[PDB]
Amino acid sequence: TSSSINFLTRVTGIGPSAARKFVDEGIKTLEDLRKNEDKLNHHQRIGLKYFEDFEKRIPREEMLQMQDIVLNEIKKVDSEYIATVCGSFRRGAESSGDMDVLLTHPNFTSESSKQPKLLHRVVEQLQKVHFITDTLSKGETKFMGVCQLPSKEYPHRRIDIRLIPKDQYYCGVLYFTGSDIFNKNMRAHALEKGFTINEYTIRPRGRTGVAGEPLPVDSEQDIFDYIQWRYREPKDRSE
């Protein structure tokens, strides 16, 4: 049934195709999934383990404590790391759905060699202090996992950590801070001024529609400056 399909897609790790396959096999509820662990991959098994926790909102007060821990532990690994918790949290929201950490380091640029250890050492330190409790998926530049505040215990929470080349970092912070409407409005203004902004770069685009090389960006302010917008504090980026 289509209701069952959409329900199953609420488990992280289960997409539409996976949900359709499960329903076809008579697996429709959380209890059904829990009775069929042998049919799940790791991402689905962990997403199921914390299904209830993951649907809870995260109070801002907890997000602050989570941020403070993450930034502190990162600094311990290497003081040259730069890390920013983005999303609606960065805009000052009173609650969050998850924690999205953007990470960079001067040694990692869009021209240097790939450096997955820059990410893995941070994940490992956060595991050592028992902040990160489970992994959903881990690659060379992106970690998707589970974390929990030190304790009555707190709910487990979704955390992503993304390793971004330094020369693309503040475009990433801008993009993942949003809001979606603010990003849309800012991209549109950039176009009026002869620029294209995406998750990675700001580039001039000439009258012939051809894009030039990425422009240097050392801060969010640089991006606002290129398109002649006054800097907007994240809390003022609802639109």
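Numbering starts at 1 and follows the sequence shown.
*Asks:* Is there a break between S79 and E80, and how many deposited residues does it span: none, 1 to 3, 4 to 9, or 10 or more?
*Replies:* Per the record, no deposited residues are absent between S79 and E80.
*Asks:* Please compare 12 to 20 with 226 to 234 and say which has the higher mean C-alpha temperature factor in the record.
*Replies:* Result: 12 to 20.
*Asks:* Looking at the deposited entry, does 113 to 121 or 79 to 87 carry the larger mean Cα B-factor?
*Replies:* Between 79 to 87 and 113 to 121, it is 113 to 121 that shows the higher mean C-alpha B-factor.
*Asks:* Between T104, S151, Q127, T135, which one tops the list for Cα B-factor in this entry?
*Replies:* Most elevated C-alpha B-factor of the set, per the entry: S151.
*Asks:* Select one of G172, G209, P214, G194: the residue whose C-alpha shows the highest B-factor in the crystal structure entry.
*Replies:* In the PDB entry, the greatest C-alpha B-factor among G172, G209, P214, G194 is found at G194.
*Asks:* Could you tell me which third, lowest, middle or highest, the C-alpha B-factor of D38 occupies within its chain?
*Replies:* Lowest third of the chain for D38's C-alpha B-factor.
*Asks:* Would you please rank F51 by its C-alpha temperature factor against the other modelled residues of its chain and give the third it falls in: lowest, middle or highest?
*Replies:* As the PDB entry reports it, the C-alpha B-factor of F51 lands in the middle third of its chain.
*Asks:* Splitting the chain's C-alpha B-factors into thirds, which one does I181 fall into?
*Replies:* It belongs to the highest third of the chain when residues are ordered by C-alpha B-factor.
*Asks:* Could you tell me which third, lowest, middle or highest, the C-alpha B-factor of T29 occupies within its chain?
*Replies:* For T29, whose C-alpha B-factor we compare with every modelled residue in the chain, the answer is the highest third.
*Asks:* Among all modelled residues of this chain, ranked by Cα B factor, put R45 in the bottom, middle or top third, i.e. lowest, middle or highest.
*Replies:* Lowest third, going by the recorded CA B-factors of the chain.
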